[PDB]
Amino acid sequence: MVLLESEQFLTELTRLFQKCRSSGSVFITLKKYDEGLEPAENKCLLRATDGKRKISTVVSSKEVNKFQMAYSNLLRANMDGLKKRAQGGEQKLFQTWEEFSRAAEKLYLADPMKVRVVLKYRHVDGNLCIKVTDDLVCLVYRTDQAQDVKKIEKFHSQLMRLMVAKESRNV
């Protein structure tokens, strides 16, 4: 795997999406990650693969806004081979997107350090899949509607912001 820079990751990601158009899938995983005395630096690890070549990057609160503007655009642009214009969540151990989102959100807030957010895009099949799990409870949401790409991206991206957000702890 290869730890990359913000922009080196985004270019490498784009290449993954490009190589899996005739076949394959692109998986993306997100997760919280852990002289003069500075309060530290909250982060999230971002990994992606096409089954052969594995890449990763570490985003912090100092660059989520700038990163996310590029990252959000790249997801929407590259995940474009969907039903022009199947759908539905699962509570494993929701039909509506609404029920899925809420459930996945509580699962995240429960224990931020143990939860993994997964994205799987299969261009050839014309389907996108998002999974939020803590390895015990699993919540997935499958779609083939090009209209669901936007909200699935915005959501996945908001979780990223929660992972990175800094909290004024009070010593």
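- In terms of determination method and resolution, the entry is listed under X-ray crystallography at 2.53 Å.

1. Points about the pattern of salt bridges
- All chains considered together, the criterion is met by 10 salt bridges.
- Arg21 is the partner of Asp80 in a salt bridge, and the nearest nitrogen-oxygen pair spans 2.8 Å.
- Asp80 gets classed as partly exposed once you look at its relative accessible area, which sits at 45%.
- Residues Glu98 and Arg102 are paired through a salt bridge, measuring 3.6 Å at the closest nitrogen-oxygen approach.

2. Topic: the packing of helix α1 (residues 6–19) against helix α2 (residues 64–78)
- At a closest axis distance of 11 Å, the pairing of α1 and α2 adopts a crossing angle of 5°. The angle between α1 and α2 places the two elements in the roughly parallel class. Residue-level inspection shows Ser6, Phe9, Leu10, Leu13, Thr14, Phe17 and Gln18 of α1 in contact with α2, the latter providing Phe67, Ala70, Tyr71, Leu74, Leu75 and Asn78.
- For the contact of α1 with α2, a count of residues per class yields nine nonpolar, four polar and no charged.

Calculation criteria
Residues numbered from 1 in each chain as written, not as in the entry; some residues may be left out. Heavy atoms only, no water. Salt bridge = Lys/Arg side-chain N within 4 Å of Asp/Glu carboxyl O. Buried < 20%, exposed > 50% of the residue type's maximum accessible area, 1.4 Å probe, protein only. Axes fitted to C-alpha atoms, helices over the stretch in contact; angles between N-to-C directions. Helix = DSSP H or I, 4+ residues; strand = E, 2+ residues; numbered from the N terminus. Parallel < 35°, antiparallel > 145°, perpendicular 65-115°, else oblique. Contact = heavy atoms within 4.5 Å. Nonpolar A, V, L, I, M, F, W, Y, C, P; charged D, E, K, R; others polar.

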